[PDB]
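Chains as they are written, first to last, in the deposited numbering: chain T, 6 to 84; chain C, 7 to 213; chain B, 34 to 189; chain W, 17 to 130; chain A, 1 to 115; chain I, 1 to 178.
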Ligand SMILES: CCCCCCCCCCCCCCCCCC(=O)OC[C@H](COP(=O)(O)OCCN)OC(=O)CCCCCCCCCCCCCCCCC
Ligand code: SF4
Ligand code: SF4
Ligand code: SF4
């Protein structure tokens, strides 16, 4: 739906994770290579999203949600 | 006739051997190494894929009404690659006879539960899991039964020390009961008691 | 009319009360609880001495550790003791409670209740004859006879 | 090289299960620091969860992973329900175990242990 | 005035006992002692949650029966009246209607507890 | 064979007398009055309570309580450090260290018993081939300290030198039954 405010909330949650360094943070940064993350610190981010927007989402998807833009599109498609 | 030795009757031996032939030729797909002992006891060894069929047949079949699960055990033999010898001792009230069914498992080779057959096995299988580490399938609530709520290890495994790895005490600093590594004031004394002279030549293991 | 003499007599009275009225707690773990019962039985009438089993720790004055203390049970024992109000005494009954006993080298036994709570009196046996547990109760009575708390307060 | 699988026919499905379990623990920690009146924060609990998870990161057999997940779900049940008290939860933190050093030389100064 | 006196004396006796019970003894307070009691282990929840009631209908009925008792209590005076037939008839009607209501409840299984 | 405990009930026959009897039972509380009568009878009986610690509970020579090491009438110790007592002690409570006494005899230096591990089973006194270790009759040996309950050679020897007059007689009584 609203790909602009969605993205604001998403980048906010990202900054709030407090495990990443904002230097390489963007709307298409790669959690693993760019920001230096792994599987579980991505699970945590996607669950922070679940909280923010309240809509519970599977793992079959939270696994492919590998960059903020994919989060934005998944939030937009479901909501 | 002799007063110290134990009176021995072959009639029960014959009965149990005939019934063992019965079971073996009625469940060939699962049965292995039926055998009967000097003391009159029937032991039917099987492949674990046959647990539920065998036990259901022995409970429901007419000439075999073993519908009371007395016990359900395990036996660690670290030598063989499949250590745990799971045992099902059963009882027929209609024939006043008992029988024992055995399978084999491993640390990473679980078997099926029989709570669908004998509800008495819920807690016994929980006990097997807690004590040896054998996992059962389709168990309603498989958790610990006897060990502490945060206990690591399966104590009845021969590889587990009699005294464990931790030890509990109360610490005023934290005001709680805490777990610290074991440290004993007197160490358990291991007595080598096996006589070096063959005692029963009927069980001699040829080299 | 010395205040020290008056305080000694007052302490005698305090201890007489806290002693002739010892309400233990219904806390029995293993076999030794049977001898506890038998010490509650006609032959050895506890109430005859003022002893009364109250089931709430908030009303009890002493707890007899009557049997084996496993690691899964020690937290509850320490909690109950903590919940008993001072003055609170403890009695270890049997060999399981004192030093683990026949299960000393087990992975699921605390080798002594004196690790989890502080113990005033140790009653040996497996099980201790109810007569022996009574001997221990009276030993505790005397230990209380020798508390001398108010004398200490006056000497401070 | 051929064996029977417990649940997962490969390591990826076992990883799916492991992730489900991580989510469950991450969501539960706050409720049990509230209920059990633990004197720790919510961040310490999740760091401890992650550490206990990494403690077995080296595994590659899906059967070991399945059994580890079963044990973790057992513990998560024991914790969601209050069958276990704050004692068993704080056992994880080892607040009293004097931390043995990994320096060869300190291990040399105190005792004969390697 | 004397009733006030006696009742206040009792208030004061009780309060004196409680004062000397809360200020005489030596205390040592800490959380593990002041915590609730649930048979050695920690509570799984608060005791301030809905504790379902299975005799709610019987309690409601008890209210009305208490009122019927309130209406029966003036008999010691109603028997000093000239119109005795009326008092007799009204008391009988009251008690009979009470019993009939109780019987209807009984039969329809109100006095039995929800399970 | 077998018997029924609550199937005695047969087909129902009822009279006016039976109905009235059951009615009186239900209205006058007959069966409860009988329990009242029993409790009353017990009030006028002699209580089984002994006056401890003045009059005490009975016992038998075989009673196995506190341990003691005995001696021969010459004063020499009976123990020879054969170690059956610690070899069988199923609680691993006994601890022994032997050494040739200066006169050359086989005797102990250490003989310790953790009376917090002893289960008071008696195996040690039936294993001792010299009737040295015994389980005496004393049971009134409670303490205020755990350490006091860790006996050594001197404590057991003193107990033996304290109870011999009783241990020996109880043995003399019981040793034919063994
Ligand atoms: C012309 C006449 C006109 C006048 C009209 C009156 C005529 C006379 C009528 C007499 C009626 C008898 C008296 C009524 C009282 C008894 C009421 C009663 O029977 O209750 C019985 C009740 C049920 O018993 P149950 O066996 O379970 O049967 C259940 C039904 N199927 O179970 C009970 O209620 C009893 C169980 C109670 C147990 C508690 C312990 C009792 C202790 C007993 C102590 C006895 C000492 C009494 C002392 C009294 C001194 C004040
Ligand atoms: S000391 Fe003996 S009698 Fe007492 S609880 Fe332990 S085993 Fe049972
Ligand atoms: S009585 Fe039994 S447990 Fe006690 S010291 Fe002798 S052998 Fe050991
Ligand atoms: S069995 Fe008797 S003689 Fe042998 S070591 Fe023990 S006490 Fe000494």
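Each residue gets a CB set at the ideal place from its N, CA and C atoms; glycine is no exception.
For residue 165 of chain B, the three-state DSSP class (helix, strand or coil)
helix
Any contact between the region 78-91 of chain I and the region 19-34 of chain W? By contact I mean 3 or more CB pairs, one from each, below 8 Å.
no
Please check if any C-beta of chain B sits within less than 7 Å of the C-beta of residue 41 of chain A.
yes
Secondary structure at residue 47 of chain C, three-state DSSP: helix, strand or coil?
coil
Quick one: is the Cβ of residue 128 of chain B within less than 6 Å of any heavy atom of ligand 2?
yes
Chain-ordered residues, beta carbon under 6 Å from a heavy atom of ligand 1
I:26, I:27, I:29, I:32
Quick test of the definition: if touching needs 3 or more C-beta pairs under 8 Å, does the region 18-27 of chain I touch the region 73-89 of chain A?
no
Candidates I:82, I:104, I:50, I:138: which alpha carbon is nearest residue 129 of chain I's?
I:82
Compile a chain-ordered list of the residues in the region 19-44 of chain W whose CB is closer than 8 Å to at least one CB of chain T.
31, 32, 35, 36, 38, 39, 42, 43
Which residues mark the beginning and the end of the beta strand (DSSP E) in which residue 95 of chain I is found?
94-100
Would you say residue 139 of chain I and residue 130 of chain B are within 7 Å of each other, going by their C-beta atoms?
no
What separation, rounded to the nearest whole angstrom, lies between the Cα atoms of residue 168 of chain B and residue 110 of chain W?
42 Å
Residues around ligand 4, please: the ones whose beta-carbon is closer than 6 Å to some heavy atom of it, in chain order.
I:79, I:80, I:81, I:82, I:83, I:84, I:85, I:96, I:127, I:128, I:130, I:132, I:133
Spatial neighbours of residue 64 of chain T within its chain, please: C-beta separation below 6 Å, excluding the five flanking residues on both sides.
none
Nearest CA to the CA of residue 14 of chain T: which residue from T:45, T:56, T:66?
T:56
List the endpoints of the continuous alpha helix (DSSP H) containing residue 58 of chain C.
57-66
Is residue 101 of chain W close to chain A, meaning its C-beta is less than 7 Å from at least one C-beta of that chain?
yes
Local conformation of residue 176 of chain C per DSSP, three classes
strand
Just to confirm my understanding: we take residue 42 of chain T, look at its own chain, exclude 5 residues before and 5 after, and list those with CB closer than 6 Å. What are they?
36
Can you give the Cα-Cα distance for residue 128 of chain C and residue 104 of chain C, rounded to whole angstroms?
21 Å
Excluding five sequence neighbours on each side, which residues of the same chain lie with their C-beta closer than 8 Å to the C-beta of residue 144 of chain B?
132, 133, 137
Between residue 69 of chain B and residue 117 of chain B, how many whole angstroms is the CB-CB distance? I'm expecting something under 8 Å.
Not really, about 17 Å apart at Cβ, beyond 8 Å.
Would you say residue 112 of chain B reaches chain A, if we count a Cβ-Cβ gap shorter than 7 Å as a contact?
yes
Should residue 58 of chain W and residue 65 of chain W be called a contact, given that it needs their Cβ atoms to be closer than 7 Å?
no
Can you give me the C-alpha to C-alpha distance between residue 47 of chain B and residue 73 of chain B, rounded to a whole angstrom?
25 Å
Alpha carbon to alpha carbon, how far is residue 153 of chain I from residue 145 of chain I?
19 Å
Rounded separation between residue 27 of chain C and residue 141 of chain C - CA only:
31 Å
With the cut-off set at 7 Å, would you say residue 160 of chain I and residue 68 of chain I are in Cβ contact?
yes
N- and C-terminal bounds of the alpha helix (DSSP H) containing residue 74 of chain T
73-83
Short of 9 Å Cβ to Cβ, which residues in the region 52-69 of chain W face chain A?
52, 53
Buried or exposed: where does residue 26 of chain W fall if 16 or more other Cβ atoms within 10 Å of its Cβ makes it buried?
exposed
Unbroken alpha helix (DSSP H) run spanning residue 68 of chain W, endpoints:
58-70
With a threshold of 7 Å between beta carbons, is residue 121 of chain B in contact with chain C?
no
Three-way DSSP call (helix, strand, coil) for residue 84 of chain W in this model
helix
Cα-Cα separation, residue 158 of chain C to residue 124 of chain C:
29 Å
Pair within 7 Å by beta-carbon distance, residue 164 of chain C and residue 84 of chain C
yes
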